[PDB]
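Enquirer:
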Amino acid sequence: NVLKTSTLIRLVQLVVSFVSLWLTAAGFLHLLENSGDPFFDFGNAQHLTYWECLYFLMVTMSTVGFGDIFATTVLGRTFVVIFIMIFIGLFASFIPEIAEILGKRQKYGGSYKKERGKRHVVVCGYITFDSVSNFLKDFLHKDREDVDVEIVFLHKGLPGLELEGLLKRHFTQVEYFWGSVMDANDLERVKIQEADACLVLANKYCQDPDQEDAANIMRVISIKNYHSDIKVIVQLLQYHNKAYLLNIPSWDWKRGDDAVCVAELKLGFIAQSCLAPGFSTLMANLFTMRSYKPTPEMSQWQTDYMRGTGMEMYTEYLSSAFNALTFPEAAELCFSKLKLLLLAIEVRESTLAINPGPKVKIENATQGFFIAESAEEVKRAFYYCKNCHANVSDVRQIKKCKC
Amino acid sequence: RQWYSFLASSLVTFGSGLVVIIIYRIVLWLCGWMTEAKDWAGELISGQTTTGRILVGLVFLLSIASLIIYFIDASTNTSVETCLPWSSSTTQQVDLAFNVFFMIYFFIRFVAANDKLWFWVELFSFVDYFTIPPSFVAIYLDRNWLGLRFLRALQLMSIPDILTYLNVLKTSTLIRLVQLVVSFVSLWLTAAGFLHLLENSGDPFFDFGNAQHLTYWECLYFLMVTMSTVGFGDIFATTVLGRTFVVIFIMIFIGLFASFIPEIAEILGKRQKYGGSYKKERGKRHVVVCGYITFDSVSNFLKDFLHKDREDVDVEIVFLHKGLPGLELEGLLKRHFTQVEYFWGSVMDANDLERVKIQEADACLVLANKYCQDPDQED
């Protein structure tokens with residue numbers, strides 16, 4: 214049972230038959246030439262080694278034919294003519310076979326290998342050049358706040374040319390595997406236990422979204438069943454399909470699993486834009502990486518706009534200097550003293571509150587939500603001291619041992 | 014027979030480091080300052096550091112320089128071990144300098160090795176075990192075995208990545224091509240050195256008395272004459288080792304090539320038959336056509352627009368459409384080819400509007416399917 218699949222069987226059959234033909238034919242020619250032949254009363258022999266005859270049949274079977282070891286018995290010559298034809302005939306019958314058993318190989322087989330401290334996240338579902346691009350252009354954006362993780366796709370069937378071009382264009386970061394998250398063996402090839410999350414993607418233009426959402430749910434069931442505590446993020450098409458995720462035993466959004474719903478957000482942005490014109494873009498930029506790269510030939514309005522597109526959301530724990538302030542005071546200090554815009558806070567029992575009323579106090583070690591240039595720019599809110607640093611003018615030194 | 018002194022140095026280098034790695038692992042099985084250098088070496092090898100990238104480019108260029116020293120040595124003629132005293136001699140010690148540079152680089156990787164086992168049984172580690180140790184034997188013994196020094200040529204396999212770093216090649220087709228062509232010359236150059244060594248040596252069964260004094264250039268030619276299956280029989284081999292290497296070379300070339308026939312067919316087949324741009328011949332005017340371009344829709348227009356008289360005025364007629372014309376339209380196009388041009392493309396793309404010089408065409412005509420199954424969509 215050393216060989217298993219039909220391809221290896223055939224191969225071994227073909228290769229065995231080939232060496233069997235070659236070894237035997239060499240003995241036959243060796244006999245004739247070392248004998249001479251009866252027409253010349255065995256006087257016309259060539260004293261060839263069997264090794265020369267084995268070599269000579271390779272040199273002729275390959276159609277190279279150096280003409281170093283030519284035959285001279287009439288029986289040798291006539292055997293060589295038959296050998297040429299019967300080899301061409303046998304080989305021509307096997308050309309198709311060879312082409313098939315060569316062609317059956319998967320171009321995207323194998324397993325992912327975990328390079329110790331290098332992290333990665335898995336992607337599966339509706340993987341297509343467009344659906345990949347709009348994700349990948351953010352996930353592999355030219356800055357990420359200086360963090361790198363590998364991105365590993367698995368899908369069944371081939372990527373198609375445009376996606377293969379995109380894959381090759383990023384090949385140090387990205388990997389693709391033939392397979393499906395419906396199979397525990399593929400969840401093992403892709404080391405799901407050692408990936409830190411899995412992202413599941415869907416066809417926004419599916420001709421029946423109930424079926425696409427049913428298919429994407431199935432997966433989350435497969436992934437959660439294989440290893441309970443994995444982080445999962447799933448793209449649903451319709452709103453009401455979210456109900457089914459809450460039924461899965463090891464689904465927990467407080468723990469940190471999540472579902473993004475296309476119909477919920479797509480119309481929700483449009484709706485807020487009816488209440489406040491243009492707001493859709495304020496939102497769409499504030500939650501996606503953009504490159505602030507001002508140049509002198511830009512218009513004045515384009516430069517101010519871009520700097521505005523450079524803004525990002527971050528979150529941080531506030532300094533003890535914020536203890537028992539009211540929210541408007543914390544916001545005034547963040548804006549005026551730190552040059553940070555503070556939107557919202559985590560408050561205990568967990569809940570999120572945006573622009574809280576003056577009736578609240580900011581409690582110790584609450585997490586705040588900031589709009590800023592970079593995560594580094596926000597760290598001042600964690601460090602700032604009402605005794606030690608409130609006197610400081612230039613904010614680029616607020617991190618210190620005094621507290 | 015001085016040559017055994019050289020190849021022994023390669024063998025003991027490989028075997029002693031192998032045994033040390035085996036001891037390490039089995040001892041740790043049967044029972079931190081490194082970690083900075085580990086990752087720092089990994090960066091320099093990645094070439095995401097500009098230094099690491101530069102040094103990789105230099106490692107590659109210096110590998111090409113090493114082969115020139117080998118071809119000059121092969122240009123010296125005479126037997127496979129032949130020498131004169133090294134004292135201020137010729138140019139020799141430049142490849143000692145290159146060998147220690149490569150051994151230093153080999154230590155870097157050893158540091159970055161991950162699994163020492165698979166690092167020690169690596170193709171380029173074999174290249175290093177063969178070339179590095181005999182270089183010292185040569186200057187020490189005051190003698191020169193030509194040896195396996197041509198193996199360094201496998202570093203030509205760097206070219207696809209170097210041209211990716213410099214971004215000289217872009218599309219997947221050019222990538223592949225360059226990979227295939229590089230692998231082909233790497234195989235050809237190296238195989239020639241291997242055969243050259245055998246035949247100029249003779250072989251042990253005939254106590255090295257049966258040699259052929261082939262140049263490396265003859266061996267490089269001879270492998271082309273056999274790889275092409277032409278086989279003139281002018282430069283036939285005669286060592287048993289040469290003959291048996293030639294038999295293996297024939298089979299392994301046929302096997303490699305047969306695996307790549309499909310690939311070659313695909314990367315050949317992907318070319319657009321109707322690519323390119325229209326070039327404006329100054330005072331010659333033209334008008335653009337696009338939309339439902341089909342043999343019939345073309346014909347009934349074209350038979351008026353290119354009618355045998357027009358009141359004596361001539362302008363070129365330039366179609367663009369996505370996908371191929373089909374045979375009957377291609378026949379009509381060839382039948383008028385001095386007047387008419389066809390381009391793969393669409394007026395939905397500003398780059399195609401530029402290839403077709405829309406700013407310098409004097410009009411554009413847009414054509415539609417009269418028999419569309421839903422005219423609202425066609426309109």
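Protein chains in written order, with the deposited numbering: chain B, 214 to 561, 567 to 621; chain A, 14 to 44, 79 to 426.
Heads up, the beta-carbon is just placed ideally off N, CA and C, and yes, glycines get one too.
1. Among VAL228/B, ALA410/B, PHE587/B, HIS354/B, which one has its Cα closest to the Cα of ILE572/B?
2. Say whether the region 273–285 of chain A touches the region 215–230 of chain A, bearing in mind that this needs 3 or more beta-carbon pairs closer than 8 Å, one atom from each stretch.
3. I want to know whether the region 333–341 of chain B touches the region 350–366 of chain B - three or more CB-CB distances under 8 Å.
4. Between which two residues does the beta strand (DSSP E) carrying residue 78/A extend?
5. Select from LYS577/B, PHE292/B, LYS404/B the residue whose C-alpha is nearest the C-alpha of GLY323/B.
6. Following the continuous alpha helix (DSSP H) through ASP426/B, name the residue where it begins and the one where it ends.
7. Helix, strand or coil, according to DSSP, for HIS368/B in the structure here?
8. Would you kindly work out how many angstroms separate the C-alpha atoms of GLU358/B and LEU449/B, rounded to a whole number?
9. Measuring straight from C-alpha to C-alpha, what distance separates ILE295/B and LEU216/B?
10. Quick one, which residues of the region 261–276 of chain B are near chain A if we go by CB-CB under 7 Å, in chain order?
11. With a threshold of 8 Å between beta carbons, is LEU315/B in contact with chain A?
12. Please name the residue, chosen from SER532/B, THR262/B, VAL475/B, that lies closest to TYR452/B on a Cα-to-Cα basis.
13. Are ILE308/A and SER275/B close, meaning C-beta to C-beta below 8 Å?
14. Strictly under 8 Å for the Cβ-Cβ distance: is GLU377/B near chain A by that measure?
15. Which of the residues in the region 273–299 of chain A, read from start to end, lie with their CB under 7 Å from any CB of chain B?
16. Kindly list, in the order they appear in chain B, the residues whose Cβ is closer than 9 Å to that of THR98/A.
17. Output needed in chain order: residues of the region 101–135 of chain A with a Cβ under 7 Å from some Cβ in chain B.
18. I'd like to confirm the pairing. Which residues does DSSP put opposite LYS579/B in its beta bridges?
19. Put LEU315/A into one of helix, strand or coil per three-state DSSP.
20. Could you check whether the region 32–44 of chain A touches the region 190–207 of chain A, counting it as contact only if at least three pairs of C-beta atoms, one from each stretch, sit closer than 8 Å?
21. If we define contact as Cβ-Cβ less than 8 Å, is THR82/A a contact residue for chain B?
22. Any C-beta of chain A sitting closer than 8 Å to the C-beta of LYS381/B?
23. Could you work out which residues of chain B lie near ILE311/A, taking near to mean beta carbons separated by less than 7 Å?
24. Does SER230/A come within less than 8 Å of chain B when only Cβ atoms are used?
25. Have a look at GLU401/A and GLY392/A and give me their C-alpha separation to the nearest angstrom.
26. Within 10 angstroms of its Cβ, does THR286/B collect 16 or more other Cβ (buried), or is it exposed?
27. Using 8 Å for Cβ pairs, my map puts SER182/A next to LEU315/B. What's the rounded Cβ distance?
28. Buried or exposed for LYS437/B, going by 16 or more other Cβ atoms inside 10 Å?
29. Please tell me whether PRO507/B and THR494/B are closer than 8 Å, where the distance is taken between their beta carbons.
30. What first and last residue would you give for the alpha helix (DSSP H) that runs through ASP399/A?
31. Along the region 200–222 of chain A, what residues have a CB closer than 7 Å to any CB found in chain B?
32. Using a C-beta cutoff of 8 Å, does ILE301/A count as contacting chain B?
33. Please name the residue, chosen from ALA121/A, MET204/A, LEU374/A, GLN139/A, that lies closest to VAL184/A on a Cα-to-Cα basis.
34. Have a look at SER122/A and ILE115/A and give me their C-alpha separation to the nearest angstrom.
35. Are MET502/B and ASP351/B closer than 8 Å when you measure CB to CB?
36. Quick check on DSSP: helix, strand or coil for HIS607/B?
Expert: In brief:
1. For the residues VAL228/B, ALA410/B, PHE587/B, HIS354/B, the minimum Cα distance to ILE572/B belongs to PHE587/B.
2. Output reads no: the region 215–230 of chain A does not touch the region 273–285 of chain A.
3. By the criterion of at least three beta-carbon pairs nearer than 8 Å, the region 333–341 of chain B is in contact with the region 350–366 of chain B.
4. Since the model of chain A passes from 44 to 79 in one step, residue 78/A is not part of what is shown.
5. Nearest option by C-alpha distance: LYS404/B.
6. Its alpha helix (DSSP H) spans residues 422–439.
7. Of the three classes helix, strand and coil, the one that applies to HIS368/B here is strand, per DSSP.
8. Spanning the two alpha carbons is a distance of roughly 28 Å.
9. About 34 Å.
10. Within the region 261–276 of chain B, contact with chain A at the beta-carbon level (separation under 7 Å) is assigned to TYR268, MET271, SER275, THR276.
11. True, the Cβ-Cβ gap to chain A drops below 8 Å.
12. When only C-alpha atoms are compared, the closest one is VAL475/B.
13. No, the pair does not count as a contact, with Cβ atoms beyond the cut-off.
14. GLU377/B has a beta carbon lying within less than 8 Å of a beta carbon in chain A.
15. Along the region 273–299 of chain A, going in chain order, the ones with a CB nearer than 7 Å to a CB of chain B are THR273, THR276, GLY278, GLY280, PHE283, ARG290, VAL294, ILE297.
16. Those do not exist, as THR98/A stays about 18 Å from chain B at its closest Cβ, beyond 9 Å.
17. The region 101–135 of chain A vs chain B, Cβ under 7 Å: nothing.
18. Looking at the DSSP assignment, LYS579/B forms a beta bridge with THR539/B.
19. The answer is helix: DSSP assigns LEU315/A an H, G or I state.
20. The region 32–44 of chain A and the region 190–207 of chain A do not touch, with fewer than 3 CB-CB distances between them shorter than 8 Å.
21. In terms of beta-carbon proximity, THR82/A stays away from the interface with chain B, with every pair separated by 8 Å or more.
22. True, the Cβ-Cβ gap to chain A drops below 8 Å.
23. Simply none; closest approach about 13 Å.
24. It does not: the Cβ of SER230/A has no partner Cβ on chain B nearer than 8 Å.
25. The alpha-carbon atoms of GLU401/A and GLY392/A are separated by roughly 11 Å.
26. The residue in question, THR286/B, is buried, as its Cβ has 16 or more Cβ neighbours within 10 Å.
27. The pair is not a contact, with the Cβ atoms about 42 Å apart (cut-off 8 Å).
28. By the neighbour-count rule (16 or more Cβ atoms within 10 Å), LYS437/B is buried.
29. Their beta carbons are not under 8 Å apart, which means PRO507/B does not touch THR494/B by this criterion.
30. Note, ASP399/A: alpha helix (DSSP H), 397–402.
31. The region 200–222 of chain A vs chain B, Cβ under 7 Å: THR218, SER219, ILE222.
32. Judged by the 8 Å Cβ criterion, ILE301/A is in contact with chain B.
33. The shortest Cα separation from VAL184/A among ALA121/A, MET204/A, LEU374/A, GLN139/A belongs to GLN139/A.
34. Between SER122/A and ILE115/A, the C-alpha separation is close to 10 Å.
35. For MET502/B and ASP351/B, yes; Cβs fall inside 8 Å.
36. If DSSP states are grouped into helix, strand and coil, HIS607/B belongs with coil.
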